[PDB]
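Novice: Chains as they are written, first to last, in the authors' numbering: chain B, 1 to 244; chain I, 1 to 204; chain F, 2 to 244; chain M, 1 to 224; chain G, 2 to 242; chain N, 1 to 196; chain A, 1 to 219, 230 to 250; chain H, 1 to 219. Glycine residues also receive a C-beta, built at the ideal position from the N, C-alpha and C atoms.
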Amino acid sequence: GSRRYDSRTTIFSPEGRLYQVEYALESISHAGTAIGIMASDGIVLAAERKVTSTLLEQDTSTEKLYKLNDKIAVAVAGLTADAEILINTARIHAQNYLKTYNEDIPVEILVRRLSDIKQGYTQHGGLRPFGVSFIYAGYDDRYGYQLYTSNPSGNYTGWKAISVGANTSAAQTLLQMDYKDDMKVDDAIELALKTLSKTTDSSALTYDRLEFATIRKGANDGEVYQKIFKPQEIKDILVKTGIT
Amino acid sequence: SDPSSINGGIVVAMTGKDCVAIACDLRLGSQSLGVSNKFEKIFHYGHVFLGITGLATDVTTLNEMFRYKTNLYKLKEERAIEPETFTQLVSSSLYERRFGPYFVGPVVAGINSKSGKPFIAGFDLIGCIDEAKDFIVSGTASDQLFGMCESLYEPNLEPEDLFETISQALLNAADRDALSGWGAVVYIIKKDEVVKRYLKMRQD
Amino acid sequence: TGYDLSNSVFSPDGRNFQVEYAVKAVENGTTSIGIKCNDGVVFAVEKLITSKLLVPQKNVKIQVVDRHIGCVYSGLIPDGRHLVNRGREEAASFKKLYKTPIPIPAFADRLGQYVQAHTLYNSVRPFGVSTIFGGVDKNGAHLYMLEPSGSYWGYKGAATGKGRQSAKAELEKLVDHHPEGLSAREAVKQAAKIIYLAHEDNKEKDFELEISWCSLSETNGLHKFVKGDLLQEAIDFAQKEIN
Amino acid sequence: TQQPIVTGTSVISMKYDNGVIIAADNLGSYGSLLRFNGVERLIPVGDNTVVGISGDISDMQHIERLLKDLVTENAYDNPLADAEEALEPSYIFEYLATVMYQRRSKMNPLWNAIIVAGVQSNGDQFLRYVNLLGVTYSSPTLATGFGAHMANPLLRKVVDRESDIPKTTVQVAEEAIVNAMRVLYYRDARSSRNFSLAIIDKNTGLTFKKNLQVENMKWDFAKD
Amino acid sequence: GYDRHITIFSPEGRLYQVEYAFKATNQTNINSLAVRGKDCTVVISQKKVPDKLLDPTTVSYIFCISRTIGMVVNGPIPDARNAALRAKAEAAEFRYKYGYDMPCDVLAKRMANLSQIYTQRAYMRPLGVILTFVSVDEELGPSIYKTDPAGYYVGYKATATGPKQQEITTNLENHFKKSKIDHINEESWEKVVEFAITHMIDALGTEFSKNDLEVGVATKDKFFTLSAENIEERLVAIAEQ
Amino acid sequence: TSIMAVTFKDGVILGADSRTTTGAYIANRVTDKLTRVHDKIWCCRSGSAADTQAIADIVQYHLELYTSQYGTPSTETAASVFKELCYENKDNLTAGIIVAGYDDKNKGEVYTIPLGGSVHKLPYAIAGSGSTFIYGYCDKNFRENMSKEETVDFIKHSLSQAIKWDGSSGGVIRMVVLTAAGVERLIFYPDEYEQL
Amino acid sequence: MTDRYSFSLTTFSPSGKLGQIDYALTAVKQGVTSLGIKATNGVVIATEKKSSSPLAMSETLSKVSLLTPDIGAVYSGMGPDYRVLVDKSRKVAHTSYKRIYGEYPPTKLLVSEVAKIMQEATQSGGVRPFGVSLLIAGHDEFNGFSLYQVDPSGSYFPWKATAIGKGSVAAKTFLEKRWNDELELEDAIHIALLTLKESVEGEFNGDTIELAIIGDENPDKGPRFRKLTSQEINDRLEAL
Amino acid sequence: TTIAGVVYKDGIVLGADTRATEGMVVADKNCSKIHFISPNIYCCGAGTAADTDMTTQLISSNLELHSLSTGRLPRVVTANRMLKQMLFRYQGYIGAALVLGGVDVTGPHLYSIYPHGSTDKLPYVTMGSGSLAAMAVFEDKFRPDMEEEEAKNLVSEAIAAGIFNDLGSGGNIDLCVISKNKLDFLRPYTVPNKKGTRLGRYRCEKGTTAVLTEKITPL
Ligand SMILES: *[C@@H](CS(C)(=O)=O)[C@H](Cc1ccc(CN)cc1)NC(=O)[C@H](CC1CCCCC1)NC(=O)[C@H](CC(C)C)NC(=O)c1cnc(C)s1
Ligand SMILES: [Cl-]
Ligand SMILES: [Mg+2]
Ligand SMILES: [Mg+2]
Ligand SMILES: [Mg+2]
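#1: Evaluate M:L142 with the Cβ neighbour count: other Cβ atoms within 10 Å of its Cβ, from every protein chain shown; 16 or more gives buried, anything less gives exposed.
#2: Rounded to the nearest angstrom, what separates residue 223 of chain A and A:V64 at their Cα positions?
#3: For the alpha helix (DSSP H) that contains F:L217, what are its first and last residues?
#4: Buried or exposed: where does F:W154 fall if 16 or more other Cβ atoms within 10 Å of its Cβ makes it buried?
#5: Between N:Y25 and chain H, is the shortest Cβ-Cβ distance under 9 Å, so that the two count as touching?
#6: Could you check if F:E91 is buried or exposed, using at least 16 other CB atoms within 10 Å of its CB as the buried criterion?
#7: Does the distance between the C-beta of H:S32 and the nearest non-hydrogen atom of ligand 6 fall short of 8 Å?
#8: Using only alpha-carbon positions, find the residue among M:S90, M:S105, M:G205 that is nearest to M:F126.
#9: Is the CB of H:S69 under 9 Å away from at least one CB in chain A?
#10: In this structure, does DSSP put H:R143 in helix, strand or coil?
#11: Determine the extent of the beta strand (DSSP E) in which I:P106 is found, giving its start and end residues.
#12: Going by DSSP, what residues sit across from F:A142 in a beta bridge?
#13: Going by DSSP, name the residue or residues bridged to I:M14.
#14: So what does F:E209 bridge to, in DSSP terms?
#15: Counting pairs of Cβ atoms below 8 Å between the segment 45–61 of chain B and the segment 157–168 of chain A, do you hit three or more?
#16: My output table needs one value for B:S169: the three-state DSSP class, helix, strand or coil.
#17: Between I:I22 and I:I129, is the Cβ-Cβ spacing less than 9 Å?
#18: Could you say if the segment 101–121 of chain M and the segment 43–55 of chain M meet the contact criterion of at least three C-beta pairs nearer than 8 Å?
#19: Anything with a beta carbon under 5 Å from a heavy atom of ligand 2 counts; list them all in chain order.
#20: Which residues in chain B sit within 7 Å of F:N123, going by Cβ to Cβ distance?
#21: According to DSSP, H:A20 sits in a beta bridge with which residue or residues?
#22: Rounded to whole angstroms, what is the Cα-Cα separation between F:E47 and F:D230?
#23: Could you name the residues that DSSP lists as bridge partners for F:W154?
#24: Run down chain N in chain order and give the residues with a C-beta less than 8 Å from the C-beta of residue 278 of chain M.
#25: I need the DSSP call for N:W165, collapsed to helix, strand or coil.
#26: Cβ-heavy atom distance between I:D175 and ligand 3 below 8 Å?
#27: Please report the residue range of the beta strand (DSSP E) in which M:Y129 lies.
#28: At a CB distance below 8 Å, what residues from the segment 128–152 of chain A approach chain F? Give them in sequence order.
#29: Of all the CB atoms in chain G, is at least one closer than 9 Å to the CB of F:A92?
Here it is in structure tokens:
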């Protein structure tokens, strides 16, 4: 029968690792680097696009930074299509929670949910896991500003600064070196871009190879605003910080 | 017994010159017993306003449902829903409960952000669209509102002329209905400002 | 290679080796035949007497479908029974809806499509039987033979099992020597002979002859087993021809 | 739940010394309209059983097909289908009884009253009733619907208890049945003159008589 | 090498089970041809009855799908009959749901979409058949549409299928290069059948008797297959000129 | 409705009025109640128009698919398909259908399927609301093996009376003749049949 | 019959590759060249009608498909796979969008829906990925003109201009030189015909080329999708 | 509602009034009841307005998908079947009463479809509460093979009969003329009633209404 052709995606190796999770992480290690940095007055999400031609329409393009609700965004590293499946599930969970309790979903609860979905693919069903790692940038009125990551295993953790995708080893050392707890958004913007500028496999870091976003409470009357940066704005912030 | 007239209340909407107005009373009751005088029946999803009369549990449920749907719409489309599009969404959503309907009388109001055209619409409980330019009425004093609107209304009113028209239409209709009144709200909606006014009316 | 390990896999030839392996089980079985006559059909089969302990005339191989169709098969006997059970369900549903008893060509395709379905998936095994069947319908007599692949055709005579080549040669002589046709009682006698001649390929053990027939004149278009005097008359005719 | 539309009236029957007799008129009524005058309501099964059916005719036709199908099915892989493993009256009855009670229990009954008359392997007379409720009973005389009220009283005067069955000849029994069919024709508004009668004897086998008529009709006292 | 056993991609981007199903197509060793007239579509196919014990009337690879649609199959008979039964069912369902007779191309596309599913889903094997559908469509006129195990389908001016398809194809190509029209400019179907048979004789280099051919003809509002005697009449007319 | 099918020497003729009412309103006065399920197997429809239309379409489908596989179906087979639908869905249907057809073997055949879902094979059949009024007339005037002209006159006279007395019936008398010769449609207007 | 293939046939290899997606992309590479170019007042999509036989009527085989009145699609790779994506794209544009909102979906969202279907064939039990890459051109009121590519993985990217299949590497280089942000639709059609001539071996005319545009409304609106006729292509080939 | 259709020489003329009622009250005096099915097929709607609207839209949508797959214009019989089979399945609970008219490859066809799933194929039909008023006009004046402007007048006259004599019907007269060469969607064809002129201005002057509080938010 069919047993002959079954890869068995949900088994342990003799060492006690999940083959497909490990190989999915290997996939994600080749994806464009995404960085999240949490400041006292906001969060920065920066991410590097990949391959890019001069003919790619950048202003209508979204491969890295996605919006889950008005308070929570994600940076993606891995299969974009796999991410979009999970993103739309998350977007629904947030609205189910809003409908039930008449309050916006707390960031951790959303993150756990998605992470639990990812976990399920590693323990049952016989399907391949999602080849995606998320950085979640969000705000709620319990914990304030929060950064999390999840990976194909379904494990998630909280961070002050973090990278996913390519060159995370190098990126995490550079962040660990220059990050400080009293840091502000404008400084974190600069740190994020400087880290990508050194870890990039491209010759130089330009506006057309970047997606960029900030979650600031820095708004009138203490309300959270998500800013997905336009191509021209990423170009301006690259000149301001002195990279180009 | 009749679900559309347990809780009571009304909504009316009108068009003017480069503006729309939508208004509602504030009553919620259990038939004869008045319970709340802070039960607003007008909601908004971006720049599109939705009034809903009828069974209050369904009014609440539908508001929550259209908030849900319009939020996902905005995330996917990367723009706020327009009145024309929303009207169709309401109709769809009502008709998918054709044989177990929401006991409601919805009313859409808003200005199309691109064309600038003032828009209103109304529905029966199963989603048939009343698509009239002049005015839309709904609730336990709908007959009363139809009469008031037909005699008071005229086209192309300026925002503060239209306010006086819709307010007098609501107030005088509500005062001839046992299950409407207990306060009232009037939204005057323009292309980039919305004025919300609470009206002084008799509290019986 | 590996193309023969799984059913419904095309080899590089364009063949389904599992079906061809089912044919080997069919070729391993006892001899069964079918003869189309003037107004009907005759079926006969070789039943190997493995032991003296077998009760004579009790282990019946030929099966009836509806009241007008006879089925006989060579190979894996249970697979044949399974196919006949399905046939009976098909014939029953046909009669329930359309009132008339199932026509033989209609019935042939019902078995055909079902057997062919067991070559479409790796989760099932092909049928280990070639099935000779037929009867009398409104358009007269029909004889069919159905292979593990789902292939079937109409026949003047049919033969399958270990003695098929021997039988086929004898059937071909009858087709040549009787263009105007063979009578039902003649076909019973000839069937007996052909099973007796085809027994030379299974000559180690002795055997038991079993014959059935549908004929418009001799059985009113209903399937009946050849019994008693008519069976003995056919055995005597067969025994005379080998000597 | 339905309602019966085209209907058949009384089926009547009795035991006698060697076998059983059963009879039923050839009418399919459509309410008060005497719609179909050529309806056979005695349906033989093999050469040892006759199933007489009253009530809804569409449901009778369904049961007719079930019995026809039962014969086909019993023949399958059965070398003794015309001998020791042929269908018995008791088997045919029990099947029908099972069906009738199953159908009432799903609230979707076959809207009939049935009498299975036959002779068993060992020569025993079989006569048993079943209806739309699955209710079953046996008696030396059995009759459905209207015949229960008028035929049984007459037939019971011939065979009043079990001990009268050996004393009753086939002639006496057939006369009684035909007499009863006359009485029913005078008095049942939904009956007809034309009927069928079936004798199942342990010696002479199944005799099926068609196109019989009620005769010797007393009307002369009307003129006064 | 399990990429050759089920319908998944090989490293070259190839589905070997689809390719091997195409080879099963020629296992019968039969050549078919289809051409269009003005008022008709004619399909002819080789008939080979190797066994004398066979009833030759039951040996057929032409199928009457609906009254308007005919289908000839190149491939083994069990898969041919699988395909035939389904096409019949689909054509009947179509007429019930949509109230008009299923067009030839709409059936071809439908059967092609089903064939595609077997190339993408692993548990189903492709059928080892090429299906040539013919009709006189009430909108498009004389129609020839062909389906294969890949799930490909396309309309034809004329076509040929089988082991010696390339010979027949080039013969037909050369004729339409001369005439400079998409059809056989002929009033009667009887003469279009004569054309079809003649051009198969020339291409294959073999003479035919009445029992070596099998013919199907589509006209407006009916498709029908010719008897042995109808073909014999057709062969007499060819010989006499 | 007034409908009938009558066997005769050369085959069978179906006949029907053309009136369809919604209460007292005549919604359609030119209704075609004789519907084709196969070349030479037709039916007369009475009862719910929605039900008899839905059934006749399903039967047409079944017989089309029968024909694709097993060749021309018998009139008995058509009647069996009608019955199967009417009997199994008796609780949700109001259909009284007469099935009529011409084989060459069996010649003309008429099957009636009343409300129950029972089948009755008859030399002729009458049905519909207007049929009550002509049981007397039809029983007295029907003979077997009539000629085509006699059978047309028998149906014309019968339905003429059915129409006269039944308000639910009326309009034109349509007929469909089924013989070896083919299928002939006849129509007869009020000015013709009323003066009979 | 049990569909026992409830497990993924596309899995991660030790290197992190998804074999079946890569192999599907190899199938796309072997397919015939198709391209898309975006102008200021329109979009053009084009491909070669590679006729399998001269007896075949290549007009019946449409490589360029209308998905909605304002959205068109072309492909490179396996035709039968494309056909069933076009069917589902057309259907999803009604079920999940038009029957809800009373209007057709914008280009990007229809693209996203197609991408989803393709992704699911990359992860669901018992299926191979689709062996096609799509180029979807379209217009909608709030986004204007747009051009998207969709790959077997489910990944999609918006393009100013691009090409896929056989001679895509050479074609993309050709387009990079010629493209600017001030092209009119006629200029883009001209460039599309030049670019496509490089990858075509044999006959190059209106009968062997399929070319459609998303442009002005052709007379509630008119449809912006328009397939150019065999004559309309040949006219522009004289000014080539 | 008064909806009607006739078959004329070159094609089909459909007609409808424009009054939408909730009980005894008029909600819309100029509503559209002639619905689009396909470019060559339209559908007049009566009965439960929501059922009419969503049944025509669903079949229109499915026919659009059907027509994209086949590449040819859809037929009226297929529109008729799809409406019929759906309405039948729902046993009259979808209260759609349609006049379906269009022009095929096989010529012009006109149907009446009823909520329970019956359809009549006819040269002229009327539906809605004003069907008897409209049908009287057709029985009085219809003849087969009319010219275009004559058929337009007859339908317009039949809808008018409904407008005036039936209380459920009113407002303007919409027509839809369908032939092989054109589709003319005439809305409104006629305005048989002028809107009643008001003699006084009852609009209140600014500051007349009593306000408690106010809030302004920009967008
Ligand atoms: C005339 C048909 S009539 C008088 O012969 O029944 C119109 C037809 C029509 C068609 C399309 C459009 C626009 N999409 C408008 C009008 N039908 C009506 O006006 C409906 C008549 C009702 C009669 C009583 C039984 C229900 C149907 N009216 C409605 O459908 C209204 C919707 C309007 C726009 C407010 N709905 C109701 O009155 C309902 C009350 N309760 C319901 C569950 S629906
Ligand atoms: Cl399909
Ligand atoms: Mg009050
Ligand atoms: Mg497969
Ligand atoms: Mg009358």
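Specialist: Per the coordinate set shown:
#1: buried
#2: Inspection of chain A shows residue 219 followed directly by residue 230; residue 223 of chain A is thus not represented.
#3: Careful: F:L217 lies outside any alpha helix (DSSP H) and carries neither H nor E.
#4: Buried is the call here.
#5: yes
#6: F:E91 is classed as buried because its beta carbon has at least 16 other beta carbons within 10 Å across all chains shown.
#7: By its list of ligands, the structure shown excludes ligand 6, since it contains just ligand 1, ligand 2, ligand 3, ligand 4 and ligand 5.
#8: M:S90
#9: yes
#10: coil
#11: 104–111
#12: F:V137.
#13: I:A21, I:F135
#14: Paired residue(s): F:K48.
#15: These segments touch.
#16: If DSSP states are grouped into helix, strand and coil, B:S169 belongs with the helices.
#17: Contact flag unset, no.
#18: yes
#19: G:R111, G:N114
#20: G1, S2
#21: H:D28
#22: Straight across, the Cα-Cα distance linking F:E47 with F:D230 is about 19 Å.
#23: F:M146
#24: No answer is possible for residue 278 of chain M: it lies beyond the span of chain M, which begins at 1 and ends at 224.
#25: Correct three-state label for N:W165: helix.
#26: yes
#27: Segment 125–131, the beta strand (DSSP E) holding M:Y129.
#28: none
#29: Against chain G, the CB of F:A92 has no partner CB under 9 Å away; the residue lies outside that interface.
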